[PDB]
There are 4 protein chains.
Amino acid sequence: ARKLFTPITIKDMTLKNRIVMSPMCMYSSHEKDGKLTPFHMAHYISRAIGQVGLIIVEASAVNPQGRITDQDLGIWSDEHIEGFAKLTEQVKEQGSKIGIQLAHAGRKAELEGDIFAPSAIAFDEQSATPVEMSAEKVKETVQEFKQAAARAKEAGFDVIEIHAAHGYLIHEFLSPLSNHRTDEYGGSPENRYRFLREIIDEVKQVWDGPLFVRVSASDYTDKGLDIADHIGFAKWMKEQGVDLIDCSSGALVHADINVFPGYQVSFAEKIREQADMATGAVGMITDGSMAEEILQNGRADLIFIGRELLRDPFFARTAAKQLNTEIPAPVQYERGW
Amino acid sequence: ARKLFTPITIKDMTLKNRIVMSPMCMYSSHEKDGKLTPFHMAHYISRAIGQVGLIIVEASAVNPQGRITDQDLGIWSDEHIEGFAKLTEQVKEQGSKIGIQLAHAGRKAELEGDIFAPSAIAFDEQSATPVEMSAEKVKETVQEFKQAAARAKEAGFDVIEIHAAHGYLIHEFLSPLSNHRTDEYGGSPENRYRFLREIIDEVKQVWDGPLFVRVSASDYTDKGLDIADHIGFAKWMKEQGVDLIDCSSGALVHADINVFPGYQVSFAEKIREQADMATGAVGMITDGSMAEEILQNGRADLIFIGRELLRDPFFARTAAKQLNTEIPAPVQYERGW
Amino acid sequence: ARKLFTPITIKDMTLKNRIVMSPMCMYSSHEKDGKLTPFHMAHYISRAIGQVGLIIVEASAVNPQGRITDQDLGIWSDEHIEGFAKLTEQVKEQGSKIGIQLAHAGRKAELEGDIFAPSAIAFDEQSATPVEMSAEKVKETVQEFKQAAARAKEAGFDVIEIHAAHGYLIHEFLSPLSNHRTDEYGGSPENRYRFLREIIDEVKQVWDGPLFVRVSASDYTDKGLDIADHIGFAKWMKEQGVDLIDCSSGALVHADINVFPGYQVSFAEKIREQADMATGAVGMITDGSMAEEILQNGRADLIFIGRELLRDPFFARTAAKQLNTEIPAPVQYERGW
Amino acid sequence: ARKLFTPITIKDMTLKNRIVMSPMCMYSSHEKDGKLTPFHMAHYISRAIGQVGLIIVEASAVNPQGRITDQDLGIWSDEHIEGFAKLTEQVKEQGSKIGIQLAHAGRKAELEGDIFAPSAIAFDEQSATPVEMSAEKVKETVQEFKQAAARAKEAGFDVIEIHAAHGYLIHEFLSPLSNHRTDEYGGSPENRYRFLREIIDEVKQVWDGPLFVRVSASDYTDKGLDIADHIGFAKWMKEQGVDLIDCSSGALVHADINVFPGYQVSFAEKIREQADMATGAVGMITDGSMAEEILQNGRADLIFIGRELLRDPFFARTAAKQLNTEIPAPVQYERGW
Ligand SMILES: Cc1cc2nc3c(=O)[nH]c(=O)nc-3n(C[C@H](O)[C@H](O)[C@H](O)COP(=O)(O)O)c2cc1C
Ligand SMILES: Cc1cc2nc3c(=O)[nH]c(=O)nc-3n(C[C@H](O)[C@H](O)[C@H](O)COP(=O)(O)O)c2cc1C
Ligand SMILES: Cc1cc2nc3c(=O)[nH]c(=O)nc-3n(C[C@H](O)[C@H](O)[C@H](O)COP(=O)(O)O)c2cc1C
Ligand SMILES: Cc1cc2nc3c(=O)[nH]c(=O)nc-3n(C[C@H](O)[C@H](O)[C@H](O)COP(=O)(O)O)c2cc1C
């Protein structure tokens, strides 16, 4: 069969194909309480009916002031568990595995009131200047990622992804452009990686299954992080037991980025080869042929699809047709697929 | 713009486009009680996110012994109202109008215990011989359609469609191949149409909104009904206030049917022209170009899509692209559509 | 199989499928002598490699002053025979049948010097007023169509089509908007049809093969011709032995025309049914599904494709795939098709 | 603009886009004299109308007994010049550049009579055992490549490609699996490369423009050539002035090859990076998105397309649409493209 439709086992989890629905915020928690709504249920469950191997739920805030917007999903309260338990059960019933992206927006939070970051440096001229987190607050935030992971386990998720990309809180600590701290969380690469190191270790105290980390593999900026820095972080993550690195890029600060089909694939390939770490490729992958090429040429292990799944929730069927292969159809749609 | 994406008003109901999700059984009421399940919610709401103008819910039985299978949806009990009320609210919130198809499978019911029909004639060699309904039983069934319509109104549906096609109960009364009665419900075309006439009049006593009737416009069998018979029934339905005839065909008995793209369109165009009745075209319509041609050449008023919406829930977007035109995207997907 | 790919016989000519390359001017006779050039050869032969059943060569003038532009192909001279003989041999060797459209642009000729028409009425504000043809000149033109048909027979064409559409000479005689004559060629519908009647009878004196006539089935103008007029002309053409009417529309004068997929199909279906004449459908037909529907619903006998064959010379292969059916590939491309 | 539609200059030749029609035998020289036929003219010229930047004519034999089949094109005689001169002129007139692949089938020639190779080893059990070329015959063959290059220059080609792949004569000398010679043309990599070295040097005596060499970058066989061997040959070719290496693979002997979209791209990327040589990628590249990714990620400089151009001669237009960009249309097709 085609590699895109070949299984892969990570820890005790077996994915039936290599297609992953990339985490994508829906800004649909209209009651501003981080809870799920019927829209979210239909949105996610339809891609499970659509046969996506693994569906990663959008950035879910570990603290309310870590939301990107006040309509974001949250996982900062035990009240969020009931809704997620229904979602995981329904997605798995349709045949898919499900994960959740744990997040904190840091200086990119678009909320009223103080927002937080490793250093008091604004994202851009249109943004509020964040408050530098005290060491106590940094440690409390590590505990919030741990507590959120425990809630995700209770809710029944199969995979937990740590959002260490797109200019959000963890990425701000990793990069010298945004982290000018003079304590244990700033300076050397070891100190800049410390926040993420502590989050991974603490999450591992309450969660043993698949652990993914999404990174922005380059800042595309002078004096910022580049792929060499991320290969270094990837080797430390492998030592800590991270199972896969989801390779994105950018958004710490505004930058000129040449976007084209597969523009982030080189990051996934280099981290996979140099850090001996399984990787997820993402970024303008819109068809089965490219997905198959990426996997067959050993550039990544999982293919993350974002916008094409917004256009075609049944991308798995489309890709199977493009690759002239067959895949099981949801039972209810057998006189159509 | 494109006619397919131009609004149309029927009664006090305005549809934002002319794409209709044809009713399609999901055989997913697992507890055998006719109730909705989470799968049904995701299945239907996803096409509302997908911008279908009107979603018609699958054949819903007006009597438990009128189900096609024991996993069918039902609307024979007030217990069914709560679930439908949630479904109509959620589909409408996503921007579509919603209808329900009221049904009774007659001699094609695949259930244990006596099944019913206008005459004791089995569908085929592998089916049970049905019990000839007494006139009392026929009248009780008319009241069940009325009671089901009252529940549909309470549950918030925008449109009610009467299932008078596909060899089910009403179609069995209409055709001389299946109706050999010698009382007021058989013999002449007027008497064979009487059951449907009474259902329409009684439904109108509790429902003043858009009323559609789905017919099988031909039996494709010698001595059976053909399009001329249906043009006659359509004129009678127009006098009774039916708003649109959804034009399907076949399934009263096994028959050789030549299927091809648009194979039932001639029925919709002839009834539209000769009975001066709005019509719905359905049958192997899978792309926007054909849909637009049907509407622009005056062959039908609404385009019903079945299997293509099982392969592509977002057919509206695909058709808009094929017709090189722009349509609003659900707000959550503006970055992908 | 699919009707689009089923053979059809007209006279002693069997077409392997029902796809026709509609005549389309290439404005490529650079020496202004009406002769073929290497571009024309590649242009036409490539669609024969592409499996089009019948290729109709673009409007070819029967008189030099009847060209639309000075870069048009011509068939007014015996010097044109040699080039056409090579083209017909080469297209037929690749497996297709070939036709030629005999033409005279009348008042729409974009040439210096006097241009001709049934009456001295200009096409529009930016066009020269034509010279009213004397009866002698009309008769000379009928002989030029006859002489051109004899050359087409000598050159090896399988089909001859008379261009009586698009506001050109014959169409100008047919319509009361452009023909104000008071002699035998004007006044009544019979007199307005006389020029075409004489062309058909004279062509039949030198050609006994398939004879097609392309018409503009409506002028889309008050007091102009409409489909009822053309159904009448079609009955007369049937009596004269015309084999098929290629149904186009418009262009006699500027008019508002609503264009959409299949916008001229109603003309082909009405002439086919009411005049009992085989018809060719043309106009925004771009996919196999629509083509198959037109044929299966009895709206036309042949499907003419214009612009889609300019975008996709191998439309036959694309349509076969869309219809999930197999067709023979040119032997040279068996490893790709 | 997109890199696929960005120009590139090689020597004095500027290609308007990066799409190349890969050389593909047509087995259509039916008179068995190696001459062109009308089919070849339409076949090649149509892809020039289709806007392919560079069209490489199929393997053309430098000696009649070096043909793969007796219906192959040839360039072993001055009689072949006239036909090629017409083809190059017509392809360039449509806006494309044109090249020719100089070839000798060696032990894979399917001809009657003795066939030749570096050693008397048959291709497989179904093939004739070739005659080991004497050193004099090897030197005569080098002169035949030189003489053929002179004919190609006279005929007006813009690029000459040497066919050193697919198990044919030059590849047989390069590989230890097929070359067991004990003279100056066998043994060490220097001796095995000598035949190709002499061909390149001699061709350079009569041809200064763009010179491409197509190689099979792996034999996929134990003790055969692999990418490391070809990076070595590529460095020697760069020293000799070869402008680009067209990277194919296989066919020296039967082997198990895992084929998938982009399966030969790694060879193009490694030779480009390690030998600082421009490269052509080929092998199951069927869409614009993959073509763009290959170019943007620096894996190759030109994208060679084979079978997709047999299915879609106007692939350039299709790819431009896929990449949401615009490209000039052939003038004759402007109301269609
Ligand atoms: C509407 C929208 C919301 C997104 N939200 C998130 C998010 O919550 N977390 C994340 O890591 N990436 C997010 N992304 C980035 C996507 O997951 C994905 O990495 C990006 O769109 C590149 O892939 P694509 O070209 O397949 O869309 C979002 C993208 C879109 C279009
Ligand atoms: C799985 C399935 C279930 C269906 N159930 C129903 C139904 O409940 N009511 C009905 O009137 N037609 C039913 N149909 C028929 C469809 O509504 C539709 O008329 C038919 O499939 C022709 O349209 P299409 O070619 O667009 O699918 C069903 C079809 C399918 C494939
Ligand atoms: C470039 C071009 C040239 C044409 N020249 C002719 C012609 O010589 N004769 C004719 O009858 N129609 C001519 N037409 C009209 C076409 O044959 C065809 O009827 C029209 O384009 C409608 O079909 P389509 O939508 O498949 O293109 C031409 C159309 C185009 C685009
Ligand atoms: C019918 C056919 C003939 C071919 N003849 C040649 C040839 O003359 N020279 C050559 O180098 N490759 C030849 N090939 C290989 C192609 O140029 C190309 O490298 C191969 O098909 C891989 O590319 P694709 O997947 O885009 O077709 C041929 C392929 C086909 C299908």
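Put simply, the convex hull of the Cα atoms in segment D:3-107 casts, on average, a shadow of 6.9 nm². Straight-line reach from D:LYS97: taking Cα to Cα under 17 Å and skipping same-chain neighbours fewer than 8 places apart, the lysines in range are D:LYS11, D:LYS16, D:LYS86, D:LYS153. Per-residue 3J(HN,Hα) values for segment A:140-147, derived from phi via the Karplus relation 6.51 cos²θ - 1.76 cosθ + 1.60 with θ = phi - 60°, read 5, 5, 4, 5, 5, 5, 4, 5 Hz in sequence order (x marks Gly and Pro).
Taking Cβ atoms as reference points and 11 Å as the exclusive limit, the residues near C:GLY167 contribute a net charge of -1, counting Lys and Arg as +1 and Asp and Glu as -1. Please state, rounded to one decimal and in Å, the Kirkwood hydrodynamic radius that segment D:191-266 gives when every pair of distinct Cα atoms enters the mean of 1/r. For segment D:191-266, the Kirkwood estimate is 13.6 Å. Here the dipole of segment B:281-321 is about 140 debye; that uses its Cα centre as origin and unit charges on the Cβ of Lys and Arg (positive) and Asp and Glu (negative). Principal-axis analysis of the Cα atoms of chain A puts helix A:81-93 at an angle of about 30° to the longest axis. With the simple model of a label 7 Å out from the Cα in the direction of the Cβ, C:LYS32 to C:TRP236 spans 3.7 nm. The charge dipole of chain C, taken about its Cα centre with unit charges on the Cβ atoms of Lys, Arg (+1), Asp and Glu (-1) only, comes to about 1000 debye. Put a label point 7 Å from Cα along the Cβ direction on D:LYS321, then list its distances to the equivalent points in the other copies in nm, shortest first. Nearest to farthest, the other copies are at 1.1, 1.2, 1.6 nm. The label point for D:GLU184 and the one for A:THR325, both projected 7 Å from the Cα toward the Cβ, are 5.2 nm apart. The alpha carbons of segment D:57-119 stretch over 43, 19, 17 Å along the principal axes, in descending order. Per-residue shielding of B:90-102, expressed as the average number of other chain Cβ atoms within 10 Å of the residue Cβ, stands at 1. Relative to the longest principal axis of the Cα atoms of chain B, helix B:189-206 runs at roughly 60 degrees. Sequentially through segment D:306-316, phi angles give Karplus couplings (6.51, -1.76, 1.60; θ = phi - 60°) of x, 4, 5, 6, 7, 7, 9, x, 9, 3, 4 Hz, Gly and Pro residues having no value and appearing as x.
Stick to Cα atoms and the Kirkwood definition of Rh, then tell me Rg/Rh for the protein assembly as shown.
Ratio of gyration radius to Kirkwood radius: 1.01.
Think of the axis that spins chain A onto D; the A residue whose C-beta lies nearest it, and the distance in whole Å, is A:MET290, 3. A straight Cα-to-Cα reach below 21 Å connects A:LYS137 with the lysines A:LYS108, A:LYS146, A:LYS204, residues fewer than 8 places away in its own chain not being considered. For D:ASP124, inter-copy separations between label points set 7 Å beyond Cα along the Cβ vector come to 4.8, 5.9, 6.4 nm, shortest first. Please state the shape class of segment C:56-194: rounded when a/c is under 1.5, otherwise prolate if a/b exceeds b/c and oblate if not, all from the C-alpha gyration tensor. Verdict is prolate for segment C:56-194. Peptide C:309-315 has a mean of 6 when you count, residue by residue, the C-beta atoms of other protein chains within 10 Å of its C-beta.
Rounded to the nearest whole Hz, the Karplus-based 3J(HN,Hα) values (6.51 cos²θ - 1.76 cosθ + 1.60, θ = phi - 60°) of segment D:264-271 follow the sequence 9, 5, 4, 5, 4, 5, 5, 5, with x at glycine and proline. Partner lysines whose Cα lies under 17 Å from the Cα of A:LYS270, excluding those fewer than 8 positions away in the same chain, are identified as A:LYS235, A:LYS238, D:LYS270. Counting Cα-Cα pairs of segment B:114-229 in 5 Å increments starting at 0 gives whole-percent bin shares of 2, 11, 21, 23, 19, 14, 7, 3, 0. Annotation: amide H-H contacts under 5 Å for C:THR279 (H modelled 1.01 Å from N, sequence separation of 5 or more, or interchain): C:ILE245, C:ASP301, C:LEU302. Just to confirm my numbers, what's the Cα centroid distance between segment C:225-301 and segment A:146-166 in Å? With segment C:225-301 and segment A:146-166 each reduced to a Cα centre, they are spaced 64 Å. Take every DSSP beta bridge whose two residues both sit in the protein assembly as shown; close to 10 percent of them are antiparallel.
What separates the A:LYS139 label point from its copies, with the point 7 Å along Cα to Cβ, is 8.4, 8.7, 11.6 nm, written shortest first.
Taking label points 7 Å from Cα along the Cα-to-Cβ direction, C:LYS139 and D:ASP208 give a separation of 7.1 nm.
Using only the alpha-carbon atoms, how far is helix C:227-240 inclined from the longest principal axis of chain C? Give it as 0 to 90 degrees, nearest 10. Tilt of helix C:227-240: around 80 degrees. In a solvent-free Debye calculation with one equal scatterer on each Cα, what is log10 I(q)/I(0) for chain A at q = 0.07, 0.08, 0.11, 0.12 Å⁻¹, listed in the order of the q values? Each listed q maps to, in turn, -0.26, -0.34, -0.66, -0.80.
Here the Cβ is made from the backbone with ideal geometry for all residues, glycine too, and neighbour counts use every protein chain on show. A short reminder: the numbers here are calculations on the coordinates, not readings from a lab.
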